[PDB]
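Given next, in structure tokens, is a single chain: the form deposited in one PDB entry.
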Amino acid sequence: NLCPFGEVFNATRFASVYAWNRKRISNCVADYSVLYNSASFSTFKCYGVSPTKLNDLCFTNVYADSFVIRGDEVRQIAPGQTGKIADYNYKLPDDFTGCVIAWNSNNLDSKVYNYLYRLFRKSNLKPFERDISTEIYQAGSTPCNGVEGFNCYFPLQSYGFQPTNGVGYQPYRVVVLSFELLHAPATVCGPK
């Protein structure tokens, strides 16, 4: 009765950051030792939780968020951060209580392309908000009528993700673990 963390971390293909996947985790036991003993990850930053002691606590619900960004943009996956990814694609709350895990995936997500991110938006995303709109972004006063042109921009932009790029430009698969305890039956326990 183990939690399906493998289906998230070891997924064959990840979602674009503007359309980040979220996996609800409940009514299961999780051996986090696999996650926190690994050497594949390049960054594993936790806020308000201790991953090395995650095997001795029960949460009510755990959310796993999956997406792909650039190496330069990994720092934007953190509370109180600003930038195109944080403002327009994926935003963490200031009181975030969870772990942010990222690793280089230049071998899996770079071709000698399809991952996208939102480039234009009127206002910043609220924390844990998902926006998949493809409506033509109206940069002027004239309505766009859903066609690209002057003062009418497509809101999404495609990453490069080519094997010859620098490390900061290479794709990085990111999994964000969200933990909530609250006052409720805690049905997500460790191997305790």
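Residue indices: 1-based, along the sequence shown. Take the two forms, find the largest set of C-alpha atoms that superpose within 1.5 Å, and that set is the rigid core.
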Between residue 112 and residue 113, how many deposited residues lack coordinates (none, 1 to 3, 4 to 9, 10 or more)?
1 to 3
Which wins on mean Cα temperature factor, 17-25 or 164-172?
164-172
Greater mean Cα temperature factor according to the PDB record, 35-43 or 134-142:
35-43
Looking at 30, 156, 152, 49, which has the highest Cα B-factor in the entry?
30
Given 68, 64, 125, 54, the residue at which the Cα B factor reaches its maximum:
54
Rank-wise, by C-alpha B-factor, drop residue 104 into the lowest, middle or highest third of its chain.
middle
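This protein has a second form, the form deposited in another entry, left out of what is shown; the following refers to that one.
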In 164, 37, 141, 123, the 2 Å or greater C-alpha shift between the shown form and the other one, rigid core superposed, occurs only at 141
Spell out whether the Cα of residue 183 moves at least 2 Å between the shown form and the other one when the two forms are superposed on their rigid core.
yes
Fitting the rigid core first, would the Cα of residue 151 be found 2 Å or more away between the shown form and the other one?
yes
